[PDB]
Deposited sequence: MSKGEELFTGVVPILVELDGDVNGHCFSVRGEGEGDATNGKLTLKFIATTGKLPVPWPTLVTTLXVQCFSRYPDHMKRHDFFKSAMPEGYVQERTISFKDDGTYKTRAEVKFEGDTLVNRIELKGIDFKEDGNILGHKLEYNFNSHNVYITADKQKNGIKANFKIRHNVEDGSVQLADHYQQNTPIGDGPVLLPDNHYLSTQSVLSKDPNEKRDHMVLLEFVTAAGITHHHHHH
């Protein structure tokens, strides 16, 4: 209750990522704002360490599901907001088909008035001339469903989904996602029935930005529960 009330208006967002893929270290900082009531957010990310060693699209899912629109009839299933402001730890394993793997750990929490997503990413076993290290992925994104289930023993949740990245030669690069979320605080949280998030992402560029960057507009809505 005290959680969801933090999201009734427009909330400033800060994203920070430290990454290491096949021994290539990099950092990303992002800034923007989110409208959870409508399930919309806008962010601009900058590579603070030069040119990214991996394609921007491979980082989209890593780079705040508390901004998902949970319609009124599903309010009892919003784990993400209920964990606020103390927040939650989000851990993922991302397996790129016929290629390497990302392991990520993020803390999503309020720092003052700002919703912060602070991430550690490690990637291993990527192929030098594969789609990722070879930068062969198109600068766009498809819509996906994120399937969520309660992880009661861990007072948290799990999720599974498959990302489809368009490849410049017309092929498709699959990225299998496993996700788990655990509260940072020791207070009670909502543990949901099985459901999913429907996500759309629009990638663009800032014409006035000289640094390697990504502009992102996201739409997310929760579903998978029959209405009455």
Check your understanding: Which runs of the deposited chain sequence never show up in the coordinates?
Key -> 1, 65, 231 to 234
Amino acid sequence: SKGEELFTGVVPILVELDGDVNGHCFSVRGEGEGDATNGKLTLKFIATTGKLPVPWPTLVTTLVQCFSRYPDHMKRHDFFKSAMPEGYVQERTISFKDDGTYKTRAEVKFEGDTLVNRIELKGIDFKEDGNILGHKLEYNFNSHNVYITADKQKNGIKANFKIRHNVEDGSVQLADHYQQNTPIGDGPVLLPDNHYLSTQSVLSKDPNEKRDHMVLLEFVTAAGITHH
From here on, numbers count along this sequence of modelled residues.
Exercise for review: Select between 185 to 193 and 156 to 164 the stretch whose C-alpha atoms have the higher average B-factor in the entry.
Suggested key: 185 to 193
Review point. Mean C-alpha B-factor higher for 46 to 54, or for 25 to 33?
Key: 46 to 54
Exercise for review: Would you mind checking which of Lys122, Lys109, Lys81, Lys75 has the top Cα temperature factor in the PDB entry?
Suggested key: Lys75
Check your understanding: Checking the entry, which one of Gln180, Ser171, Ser68, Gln200 has the top C-alpha B factor?
Key -> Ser171
Practice item. Within this chain's modelled residues, let me know which third the CA B factor of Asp206 belongs to: lowest, middle or highest. Key: highest
Review point. Taking the entry's C-alpha B-factors for this chain, is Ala222 in the lowest, middle or highest third?
Key: lowest
Study note, to complete from the structure: Binned into thirds over the chain's modelled residues, the C-alpha B-factor of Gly9 lands in the highest
Exercise for review: Just say lowest, middle or highest third for the CA B-factor of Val116 relative to the other modelled residues in its chain.
Suggested key: lowest
Review point. Where does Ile94 sit by CA temperature factor within its chain: lowest, middle or highest third?
Key: lowest
